[PDB]
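Everything on this sheet refers to the single structure shown next.
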Amino acid sequence: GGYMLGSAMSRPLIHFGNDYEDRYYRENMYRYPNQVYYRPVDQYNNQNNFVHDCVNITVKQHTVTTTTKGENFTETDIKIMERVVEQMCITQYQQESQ
Ligand SMILES: [Cl-]
Ligand code: NA
């Protein structure tokens, strides 16, 4: 806070180049966020800087919420999470800017 919280979306279809990650995302898809936290779009000059912050904030919040419940993410989870959140952040930027 005060961060903006976007609407829940369907978790994106992503073809990971790493075949094991690709399978892992599908197997464990519900572990990952389906909404992103961000600072308002109009505070940014470009998509890249927005997404950078959106990814950091969203990953921080999801990891914090998870750890305090006594659950864990694997190294593979984190890699997949960063990519999933990146895509949702890009979608959020393009949408909210439109
Ligand atoms: Cl979903
Ligand atoms: Na591959």
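Residue numbers start at 1 in each chain; chains themselves are named A, B, ... in the order of the structure tokens; ligands are numbered from 1 in the order shown.
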Identify, on the basis of only C-alpha atoms, every residue whose closest approach to residue 34 in chain A does not exceed 8 Å; exclude the query and any residue fewer than 3 positions from it along the same chain; express the result as an NGL selection string. :A and (8-11 or 88)
Residues of chain A at most 6 Å from ligand 2: nearest atom pair and distance in Å, only C-alpha atoms and all ligand atoms, as a tab-separated table:
residue	atom	partner	partner_atom_place_in_ligand_line	distance
A:17	CA	ligand 2	1 (Na)	4.5
A:18	CA	ligand 2	1 (Na)	4.3
A:19	CA	ligand 2	1 (Na)	4.5
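Across the model, the gap from CA of residue 36 in chain A to CA of residue 6 in chain A is 5.5 Å.
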May I have the residues within 7 Å of range 41-44 of chain A as a list in words, using only C-alpha atoms and disregarding those fewer than 3 positions away in the same chain? residues 49, 50, 93 and 97 of chain A
Taking N, CA, C and O atoms for each residue, export the selection above as a CSV table (one decimal), in the first residue's frame.
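Listing of selection-v7.csv after writing:
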chain,number,residue,atom,x,y,z
A,49,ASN,N,9.8,-0.1,-17.3
A,49,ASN,CA,10.0,0.3,-15.9
A,49,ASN,C,8.7,-0.1,-15.1
A,49,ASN,O,8.9,-0.4,-13.9
A,50,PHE,N,7.6,0.0,-15.7
A,50,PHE,CA,6.4,-0.3,-15.0
A,50,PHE,C,6.4,-1.8,-14.7
A,50,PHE,O,6.1,-2.2,-13.5
A,93,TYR,N,-0.5,-3.3,-17.9
A,93,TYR,CA,0.0,-2.0,-18.4
A,93,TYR,C,-0.7,-1.6,-19.7
A,93,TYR,O,-1.2,-0.5,-19.9
A,97,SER,N,-3.5,1.4,-19.6
A,97,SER,CA,-3.1,2.5,-20.4
A,97,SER,C,-4.1,2.8,-21.5
A,97,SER,O,-4.4,3.9,-21.8
Quick one: everything within 10 Å of residue 63 in chain A, counting only C-alpha atoms, minus sequence neighbours fewer than 3 positions away in the same chain. Send it as a VMD selection string. chain A and resid 32 to 33 57 to 60 66 to 68 71 to 73 78 81
Can you write just those residues out, C-alpha atoms, as a PDB file, in the first residue's frame?
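As written to disk, out.pdb reads:
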ATOM      1  CA  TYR A  32       1.264 -18.647  -8.906  1.00  0.00           C
ATOM      2  CA  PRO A  33      -0.537 -15.307  -8.730  1.00  0.00           C
ATOM      3  CA  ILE A  57       5.959  -5.811  -5.866  1.00  0.00           C
ATOM      4  CA  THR A  58       3.756  -8.713  -6.881  1.00  0.00           C
ATOM      5  CA  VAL A  59       6.420 -11.324  -6.220  1.00  0.00           C
ATOM      6  CA  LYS A  60       7.198  -9.754  -2.853  1.00  0.00           C
ATOM      7  CA  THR A  66       2.829 -17.636   1.330  1.00  0.00           C
ATOM      8  CA  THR A  67       5.675 -17.770   3.870  1.00  0.00           C
ATOM      9  CA  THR A  68       3.547 -16.539   6.735  1.00  0.00           C
ATOM     10  CA  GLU A  71       4.165 -22.750   2.940  1.00  0.00           C
ATOM     11  CA  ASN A  72       7.146 -22.583   0.564  1.00  0.00           C
ATOM     12  CA  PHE A  73       8.215 -21.928  -2.981  1.00  0.00           C
ATOM     13  CA  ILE A  78      10.301 -18.563  -8.297  1.00  0.00           C
ATOM     14  CA  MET A  81       6.433 -17.004 -10.943  1.00  0.00           C
TER      15      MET A  81
END
Please run DSSP on the backbone and report, as an MDAnalysis selection string, all residues within chain A that come out as strand (DSSP E or B). chainID A and resid 4:5 37:38
Could you take the residues named above and write them with N, CA and C atoms, as a CSV table (one decimal), in the first residue's frame?
chain,number,residue,atom,x,y,z
A,4,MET,N,-1.9,-0.3,-6.2
A,4,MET,CA,-3.1,-0.8,-6.9
A,4,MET,C,-3.1,-2.3,-7.1
A,5,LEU,N,-4.2,-2.9,-7.0
A,5,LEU,CA,-4.4,-4.3,-7.2
A,5,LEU,C,-5.3,-4.6,-8.4
A,37,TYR,N,0.0,-6.5,-8.4
A,37,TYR,CA,0.0,-5.3,-7.7
A,37,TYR,C,1.0,-4.3,-8.4
A,38,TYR,N,0.6,-3.0,-8.4
A,38,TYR,CA,1.4,-2.1,-9.2
A,38,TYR,C,1.2,-0.7,-8.6
Residue 16 in chain A: which residues within 10 Å, counting only C-alpha atoms, same-chain residues fewer than 4 positions away excluded, as a PyMOL selection string? chain A and resi 20-25+80+83
Nearest to ligand 1: which of A:84, A:29, A:54, A:14 is it, counting only C-alpha atoms and all ligand atoms? A:29
Find the distance between CA of residue 53 in chain A and CA of residue 40 in chain A and write it in Å to one decimal. 10.7 Å
Which residue, A:74, A:95, A:1, A:90, has the smallest gap to residue 52 in chain A when you use only C-alpha atoms? A:90
With only C-alpha atoms and all ligand atoms as the basis for distance, which of A:7, A:30, A:2, A:69 is at the shortest distance from ligand 1? A:30
With DSSP run on the backbone, what are the alpha helix (DSSP H) residues within range 5-93 of chain A? I'd like them as a ChimeraX atom specification. /A:19-27,47-67,75-93
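The smallest atom-to-atom distance between residue 39 in chain A and any of A:92, A:98, A:87, A:76, using only C-alpha atoms, is found for A:92.
Comparing the minimum interatomic distances between residue 31 in chain A and each of A:77, A:15, A:45, A:70, counting only C-alpha atoms, we find that A:77 sits nearest.
Across the model, the gap from CA of residue 51 in chain A to CA of residue 64 in chain A is 19.5 Å.
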Residue among A:82, A:89, A:28, A:3 lying closest to ligand 1, counting only C-alpha atoms and all ligand atoms: A:28
